[PDB]
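What follows is one structure encoded as structure tokens, with my remarks underneath.
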Amino acid sequence: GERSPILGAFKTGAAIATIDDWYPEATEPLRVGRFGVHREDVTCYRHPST
Amino acid sequence: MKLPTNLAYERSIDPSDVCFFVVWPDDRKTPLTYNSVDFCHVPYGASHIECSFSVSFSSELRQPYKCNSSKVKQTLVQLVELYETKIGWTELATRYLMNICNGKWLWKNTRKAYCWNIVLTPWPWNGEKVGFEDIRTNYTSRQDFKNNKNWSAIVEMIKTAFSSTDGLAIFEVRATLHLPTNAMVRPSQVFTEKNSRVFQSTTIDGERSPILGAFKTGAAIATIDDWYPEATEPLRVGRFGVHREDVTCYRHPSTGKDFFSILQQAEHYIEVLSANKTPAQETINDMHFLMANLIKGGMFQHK
Amino acid sequence: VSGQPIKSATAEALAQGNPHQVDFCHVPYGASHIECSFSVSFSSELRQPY
Amino acid sequence: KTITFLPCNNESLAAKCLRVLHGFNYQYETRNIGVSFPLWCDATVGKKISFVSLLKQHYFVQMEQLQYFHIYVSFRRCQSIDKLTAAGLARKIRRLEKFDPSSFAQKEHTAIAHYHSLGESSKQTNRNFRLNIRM
RNA sequence: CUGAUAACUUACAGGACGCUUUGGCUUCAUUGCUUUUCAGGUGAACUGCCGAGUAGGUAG
């Protein structure tokens, strides 16, 4: 009968898919997506100019 | 140097709520309760009072949590790595840890106490819990803390925590307050947009109990600032560092020694630290105030 | 916006007090530890396009 | 008669009038004369004080010379309200020992209905108390 | 000081009878809301007596 905090379903699938460390200057793995973004430093590695 | 449109850090010190207990003779513990203005007092046959919480030191200072400019990101990583090499973490880690090791986080409950004791339980540690017996008698100044059998081993934890990409340093703090008979206890109290004082509480077992808040406790560990002009007493570390007895801002932007004016001179501080001539005390004071606000964290944006 | 100090923000008005409201979740006092449970499937949707 | 205050605080001024009524009753050992306030409003005790059954005492005469004076229901003292303070809760347990003191517990929720204490003191000792007075 | 001056539009009344709208149907793929946070006015309305009393009364 209580409210309880969750750690969501779309949040959890983002953690399983932090695999992308093949972008051209890779140090840290990224969440897999088109033009794979990094939201630490708000940029796109794998931009279409790459 | 310009401020970016995204700049934010996480805090490097994480305290918790402080829970209160009543120790009866023959040594059994009971959570403290109060009435309803609210009033909280020690019960009659009680011996003393326990207080317990926990503090972590977890190195979020090294990199920004969020920064959309790669020029400003490399400006941080040079500052923390040059402060560590030239000045070191010995001064800040001593000033944070002395607020844990005395009763600074016990705000007005230290007031009118017979004696109080602090027992630390550091986690990446072998054994023999660190004890501080009879503060107001034994632990008065900085030299009294350094004469403890293991003070270097605990300062070097917080130094190692800040000087590593994964530094952890968990402390389990426990206090023992010997009050007079039917004495005051002053917990923290809620914020109402309005004598009419409500306490902050949790639930231990099935009974309400006063707490001393997690944000209230972190404001007592970070009373370090005394690097401002005059510096009569320490101030809670913050931007344009305020006092709350008198509603004033020391380190106003007209003074030129707030945190946002020292950020524009952060490129200047790198060549001062990368030289070989030891920096002047005033400049380092602004480097201690620069580092203590990155340990505090916060949004540092503009526009 | 430009960078000069605004003159309405005097040293009295800048030490005033800013109340925020947040959700706060913590571990209870006498607790031992915390369980966290969920489930994942791996179910071959990449063989042909949808 | 009714004494109406016209200069202020009606709390700490009506309590002075009862102390003169107090010291009058031990010179002459009389307990007949009583006290009541017609303007017994919620906000304050009021500016009107009347005695039914004092004006020749040194207090009321010197206060008359200045610009400020003029010279059914029941008003009784409730000392159960003096026991509701936490200093008085500890006085209550010391008698009951003179026994588990940890078996007791606080009420944690109490409601008090219009206690109107007038602050006074003792002269036999140097000790303070209140006049918790209701209707 | 008026396209000036003056001015009674009246009476009476029945809209009704009848009525089948129906048949068929896939909305569907992907998803991180995050960073930082002192509510303070607690010098005080105390100390005794009675009662078997966490009841209830009264003294200064």
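How things are named: the first chain in the structure tokens is A, the next is B, and so on; residues count from 1 in each chain; ligands count from 1 in the order shown.
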Determine, for each residue of chain C having at least one atom at most 10 Å from an atom of chain A, the closest pair of atoms and their separation in Å to one decimal, counting only C-alpha atoms; order by chain and ascending number, as CSV.
```
residue,atom,partner,partner_atom,distance
C:25,CA,A:5,CA,8.2
C:36,CA,A:7,CA,9.4
C:38,CA,A:9,CA,9.0
C:39,CA,A:9,CA,9.8
C:40,CA,A:13,CA,8.9
```
Would you give me, as CSV, each residue of chain A having an atom within 10 Å of an atom of chain B, along with its shortest atom pair and that distance in Å to one decimal, using only C-alpha atoms and sorting by chain and residue number?
```
residue,atom,partner,partner_atom,distance
A:39,CA,B:66,CA,7.3
A:40,CA,B:66,CA,4.8
A:41,CA,B:68,CA,4.8
A:42,CA,B:68,CA,4.7
A:43,CA,B:68,CA,7.0
```
File dump, residues just selected, N, CA, C and O atoms, as a compact mmCIF listing (two decimals), in the first residue's frame:
```txt
# COMPACT_ATOMS: atom_id res chain seq x y z
N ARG A 39 26.52 13.22 -22.48
CA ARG A 39 25.85 14.31 -21.81
C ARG A 39 26.62 14.83 -20.60
O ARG A 39 26.17 15.79 -19.97
N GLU A 40 27.77 14.24 -20.29
CA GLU A 40 28.75 14.88 -19.41
C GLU A 40 29.16 16.20 -20.02
O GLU A 40 28.81 17.27 -19.51
N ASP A 41 29.86 16.14 -21.13
CA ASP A 41 30.22 17.31 -21.92
C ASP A 41 29.29 17.35 -23.12
O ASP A 41 29.39 16.50 -24.01
N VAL A 42 28.42 18.36 -23.18
CA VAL A 42 27.20 18.27 -23.97
C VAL A 42 27.56 18.43 -25.43
O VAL A 42 27.50 19.52 -26.00
N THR A 43 27.93 17.31 -26.06
CA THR A 43 28.38 17.27 -27.44
C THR A 43 27.95 15.94 -28.04
O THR A 43 27.48 15.04 -27.34
```
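One distance worth recording is that between CA of residue 300 (chain B) and CA of residue 35 (chain A), which is 28.0 Å.
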### Task
When you get a sec, could you note down which chain B residues fall within 12 Å of chain D, using only C-alpha atoms, as a count of residues only?
32
Within 12 Å of region 216-230 of chain B: each chain E residue with its shortest pair, only C-alpha atoms (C1' of nucleotides), as a Markdown table:
```
| residue | atom | partner | partner_atom | distance |
| --- | --- | --- | --- | --- |
| E:37 | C1' | B:219 | CA | 9.5 |
| E:38 | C1' | B:216 | CA | 4.8 |
| E:39 | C1' | B:216 | CA | 10.5 |
```
If you keep N, CA and C atoms (P, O5', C5', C4', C3', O3' and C1' of nucleotides), can you produce a file of those selected residues as a PDB file, in the first residue's frame?
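Final file, again21.pdb:
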```pdb
ATOM      1  P     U E  37      24.403  20.493  -1.226  1.00  0.00           P
ATOM      2  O5'   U E  37      24.465  21.974  -0.636  1.00  0.00           O
ATOM      3  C5'   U E  37      23.835  22.317   0.621  1.00  0.00           C
ATOM      4  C4'   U E  37      22.816  23.420   0.439  1.00  0.00           C
ATOM      5  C3'   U E  37      21.721  23.474   1.504  1.00  0.00           C
ATOM      6  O3'   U E  37      21.849  24.689   2.244  1.00  0.00           O
ATOM      7  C1'   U E  37      20.826  23.624  -0.734  1.00  0.00           C
ATOM      8  P     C E  38      22.737  24.795   3.573  1.00  0.00           P
ATOM      9  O5'   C E  38      21.938  23.915   4.636  1.00  0.00           O
ATOM     10  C5'   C E  38      20.557  24.170   4.978  1.00  0.00           C
ATOM     11  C4'   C E  38      20.400  24.406   6.468  1.00  0.00           C
ATOM     12  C3'   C E  38      19.248  25.325   6.865  1.00  0.00           C
ATOM     13  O3'   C E  38      18.425  24.528   7.718  1.00  0.00           O
ATOM     14  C1'   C E  38      21.284  25.841   8.060  1.00  0.00           C
ATOM     15  P     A E  39      17.221  23.586   7.229  1.00  0.00           P
ATOM     16  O5'   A E  39      16.076  24.585   6.772  1.00  0.00           O
ATOM     17  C5'   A E  39      15.082  25.030   7.687  1.00  0.00           C
ATOM     18  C4'   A E  39      15.553  26.236   8.453  1.00  0.00           C
ATOM     19  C3'   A E  39      15.477  26.117   9.968  1.00  0.00           C
ATOM     20  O3'   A E  39      16.610  26.760  10.532  1.00  0.00           O
ATOM     21  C1'   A E  39      14.250  28.003   9.262  1.00  0.00           C
TER      22        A E  39
END
```
